[PDB]
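Analysis of the macromolecular model
If you want the building blocks of each chain, they are given just below.
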Amino acid sequence: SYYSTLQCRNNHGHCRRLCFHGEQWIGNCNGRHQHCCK
(Lines give C-alpha, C1' and ligand atoms only; values in the text may rest on other atoms or scores of the structure.)
Protein backbone atom coordinates (compact mmCIF):
# COMPACT_ATOMS: atom_id res chain seq x y z
CA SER A 1 0.00 0.00 0.00
CA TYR A 2 0.90 3.62 -0.49
CA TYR A 3 -1.85 5.11 1.70
CA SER A 4 0.44 6.15 4.53
CA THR A 5 3.14 7.43 2.22
CA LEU A 6 0.52 9.50 0.37
CA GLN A 7 -0.82 10.91 3.61
CA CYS A 8 2.71 12.01 4.53
CA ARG A 9 2.77 13.81 1.21
CA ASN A 10 -0.64 15.38 1.84
CA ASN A 11 0.66 16.53 5.23
CA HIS A 12 3.77 18.13 3.66
CA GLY A 13 6.09 15.70 5.42
CA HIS A 14 9.02 13.69 4.14
CA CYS A 15 9.45 9.91 4.47
CA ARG A 16 12.81 9.35 6.22
CA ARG A 17 14.61 6.63 8.12
CA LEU A 18 15.43 9.38 10.65
CA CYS A 19 13.78 12.74 11.12
CA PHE A 20 16.00 15.75 10.73
CA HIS A 21 16.65 18.30 13.43
CA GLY A 22 13.65 20.59 13.77
CA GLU A 23 11.30 18.01 12.23
CA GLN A 24 8.48 16.29 14.08
CA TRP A 25 7.82 12.54 13.71
CA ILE A 26 4.16 12.82 12.80
CA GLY A 27 3.46 9.35 11.41
CA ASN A 28 4.93 6.53 9.34
CA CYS A 29 5.02 6.07 5.58
CA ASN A 30 4.67 2.62 4.04
CA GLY A 31 7.75 0.44 3.92
CA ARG A 32 9.97 -0.60 6.80
CA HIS A 33 11.30 2.13 9.09
CA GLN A 34 9.96 4.87 6.78
CA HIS A 35 8.97 7.68 9.11
CA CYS A 36 6.91 10.65 8.07
CA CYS A 37 8.93 13.68 9.19
CA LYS A 38 7.67 17.27 9.11
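Its PDB header names X-ray crystallography as the technique used to obtain the model and reports a resolution of 1.80 Å.

Before going further, it helps to examine the side chain of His35. Structurally, the position occupied by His35 is in strand 3 (residues 35-37). Among the residues examined, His35 registers a relative accessible area of 11% and is labelled buried. A polar contact of 2.8 Å, which involves the side chain of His35, links it to the side chain of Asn28. Those residues in contact with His35, other than ones at most four positions away along the chain, are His14, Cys15, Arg16, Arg17, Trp25, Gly27, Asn28 and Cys29.

As for its position among the elements, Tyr2 is in the segment before helix 1 (3-10). Using a relative accessible area of 65% as the deciding quantity, one classes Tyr2 as exposed.

How each quantity is defined
- Residues numbered from 1 in each chain as written, not as in the entry; some residues may be left out.
- Heavy atoms only, no water.
- Helix = DSSP H or I, 4+ residues; strand = E, 2+ residues; numbered from the N terminus.
- Buried < 20%, exposed > 50% of the residue type's maximum accessible area, 1.4 Å probe, protein only.
- Polar contact = N/O pair within 3.5 Å; in protein donor to acceptor, adjacent residues only side chain to side chain.
- Contact = heavy atoms within 4.5 Å.

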